Structure formats: C-alpha cells, structure tokens
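1. Everything below, folded, please.
(2 chains)
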Amino acid sequence: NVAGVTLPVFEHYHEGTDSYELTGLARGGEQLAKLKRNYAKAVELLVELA
Amino acid sequence: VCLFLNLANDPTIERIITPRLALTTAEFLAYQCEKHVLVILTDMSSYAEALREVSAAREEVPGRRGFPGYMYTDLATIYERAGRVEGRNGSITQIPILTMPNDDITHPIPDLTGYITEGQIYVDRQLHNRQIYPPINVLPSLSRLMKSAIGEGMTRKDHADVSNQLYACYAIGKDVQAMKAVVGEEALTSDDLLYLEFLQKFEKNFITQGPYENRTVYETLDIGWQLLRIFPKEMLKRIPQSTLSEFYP
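-> Numbers count the residues shown, from 1 in each chain, chains lettered A, B, ... in the order given. Structure as follows:
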C-alpha cells in the first residue's frame, strides 16, 4: 500500500527441493553448478522485474 | 482603569451615549494629560442595534438589511479618535470587539468595521472545541503596521524574521496535516515528520496561555526560538544567516 491503492508485488521464494544433479555425461557437474549459479541469479532478477 | 457597564435591560439611548462618553474621557486623559491609553469596547453589535432603535424612533427608511443608511458615518465618528499628534506625547489605541452574525463575513457591521480599521484578528471555533484557552487563530489574522511596530529600536531585531519564518512553517504544517489525512504516514518523509512535530508542539505549548500566566515579549521570542530550533539551520530559509548565527546556537 504505497498509497490508497493496493499494489500487486512478488517475492522470490525458495522451496528447497532437491535439484537434479547430472554427472553421467563425462562428469560435467563442474559446468553444471556454474550454470546453477548463473541462471539462478537471472531468475532472481526476473522475479524482481515481474 | 476607568470602567463602564451598560446592562442589556437598560435604556437604549444610554447605550448610544456610553461609548462616546468613554471615548471623551480617554481623549481628555490622553491629550490634556501626557499619558498613553488603550480603550477597549465590547459587543458593538449591541451599539448597532441601539442605532437601529433610534433610527426607527425618528421614522427613517431602512437601507441594507434594515440597518440605517448612515451607520457608516456613525461608525466613522466613533473610531479614528486615536493616534499620535504633533507637539504631544500621549497616544490612544483602540480595540473593539465584534460579534459575527452566523459567520456572515459580508454582514454590514464586520464589513464596514474592516473597511475603517487596520487588520483584524479572528477567533476560531474549532480551537475552542479543542479546549485551547486562547482560541485565537493564526492563518487568517494580519496586522497592518507590524513592520514599524517592531524593530532594532524596539524589543529585539530578530522578531520580524522569526514571525515570518514561523508563519510559513505553520501554514505548511497545516498543509502537511492535510496531506497525512489521505496519503498515510507510511509514505512520509523525515522533514514532514518534523513539521508535524512543530505543529503539534506549537498547539500544545505556544498558543496555550492560561488564564493566570504572564509572558513578557522576550519570553515569547525565546519560546519561538525554542520552536524554531527543531529544524536544522538550513531548513530556515526565510531567516537571514546572520540571525541564525547569533541565536540558533
């Protein structure tokens, strides 16, 4: 309630479910965790923008 | 003090006579004898009513709203018997009291008295509901000759700047109360919070006087400076930096 009007707004909640670790394909998990960070930051910023 | 009482049940012609008698006494005491005097008159609307009475007695056709057409000349004759004159030292200062007929600002009596007097003071009913012993209002009042009634040769140099600054502050604070009426405090800044503080403390302390409390002008200036101290020196735009340098610390 920035004013007398009611304003919709969103928050980035983290449920905490287990992610799907992938390691079979030549053990790429080193790239995969790097991705888990790179895209996660983006997702946070999306929620903010929305 | 020389006191005069005229009862409501007395003859009306006595009511006509009395204020002129008192003005004559003040005139003599102030001009024949070197003395300043301050004449106060109460409930001049009753005097207007008695003027209507005598007008009805002499069979004259009423003018606007039934009041006699020559009310203006009479009210001129009663007033302007005061001031300073050459070769003397005495003075007179005149303060009548008017009753408003249901807030009719265009009623002939208050209107004419305004046309013949300098400035005016109001009494606000909402303050009386708020239980403030002096109900005197601030925003609509005005004194014509304030610019020369004070100065360096008088009580203190600061006073004009203080009055201007606090006038602006009070007006803006009333406007800020009007804002908070709708917008809500959550969308409020720190400066506006200080303005609200200024408003509420002004009402609580400064305007309230008490039936048996005395304040010399120096104390009023000091209390005003206490009110002004809440803001930083820069927020007091209206006051020149000099006065702030001497007094604000």
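2. any chance you could map the helices in chain A?
-> In chain A, helices defined by DSSP state H lie at A:29-49, listed in chain order.
3. tell me which parts of it are close to chain B?
-> Applying Cβ under 8 Å from any Cβ of the partner chain, one finds that chain A approaches chain B through A:1, A:2, A:3, A:4. To be clear about C-beta, it is placed using only N, CA and C from the backbone, and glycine gets the same treatment.
4. what sits against the first one?
-> Same thing as residue A:1. When the contact criterion is Cβ atoms under 8 Å, 6 or more residues apart in numbering or on different chains, the partners of residue A:1 are A:7, B:184, B:186.
5. Among the residues of chain A next to chain B, give me the pair with the biggest separation.
-> Using Cβ to Cβ, the two most remote members of the residues of chain A next to chain B are A:2 and A:4, lying 9.2 Å apart.
6. Just give me the neighbour total for residue 50.
-> All of this refers to chain A. Residues near residue A:50, counting by other Cβ atoms under 10 Å in any protein chain shown, number 9.
7. Let me rephrase: I mean chain B.
-> For residue B:50, using other Cβ under 10 Å, the count is 21.
8. Let me see the residues that make contact with the helix or strand hosting it.
-> Of the helices and strands defined by DSSP states H and E, residue B:50 is found in helix B:44-57. Defining contact as Cβ under 8 Å, 6+ apart, one finds that helix B:44-57 is touched by B:8, B:12-13, B:15-16, B:19, B:62, B:66-68, B:70-71, B:74, B:78, B:96-99, B:101, B:109, B:113.
9. Doesn't residue B:38 belong to a strand?
-> Yes: note on residue B:38: a strand contains this position according to DSSP: H, G, I helix; E, B strand; the rest coil.
10. Is the closest residue to it other than its chain neighbours part of a helix or strand, or is it coil?
-> With sequence-adjacent residues excluded and distances taken as Cβ to Cβ, 6 or more residues apart in numbering or on different chains, residue B:38 is closest to residue B:93, at 4.8 Å. Under the three-state scheme (three-state DSSP), the conformation of residue B:93 reads as strand.
11. And the buried ones among the contacts of helix B:44-57, selectable in PyMOL?
-> Buried members of those, defined by 16 or more other Cβ atoms under 10 Å in any protein chain shown, are picked up in PyMOL with:
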select buried, chain B and resi 12+15+16+19+67+68+71+74+78+96+98+109+113
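12. Sort out which of the contacts of helix B:44-57 are in helices and list them.
-> Reading helices off these with DSSP H, I get B:12, B:13, B:15, B:16, B:19, B:71, B:74, B:78, B:109, B:113.
13. Could you identify the most distant pair in these?
-> B:13 and B:113 (22.3 Å).
14. Tell me who's in contact with residue B:18.
-> Shown here is residue B:18, whose contacts under the criterion Cβ under 8 Å, 6+ apart are B:4, B:6.
15. Please report the distance of it from residue B:1.
-> Per Cβ to Cβ, to the nearest Å, residue B:18 is found 16 Å from residue B:1.
16. Now the phi/psi pair for the residue lying closest to residue B:191 once chain neighbours are set aside, please.
-> Of all residues beyond its chain neighbours, the one nearest residue B:191 is residue B:235 (7.2 Å), with distances taken as Cβ to Cβ, 6+ apart. Torsion angles at residue B:235 (phi, psi; degrees, to the nearest 10) stand at phi -60, psi -20.
17. Residue B:134 contacts residue B:211, doesn't it?
-> No: under the criterion of Cβ atoms under 8 Å, residue B:134 lies out of contact with residue B:211, with a separation of 9.4 Å.
18. more neighbours, those two?
-> Set residue B:134 next to residue B:211 and count neighbours by other Cβ under 10 Å: residue B:134 wins out with 13 against 6.
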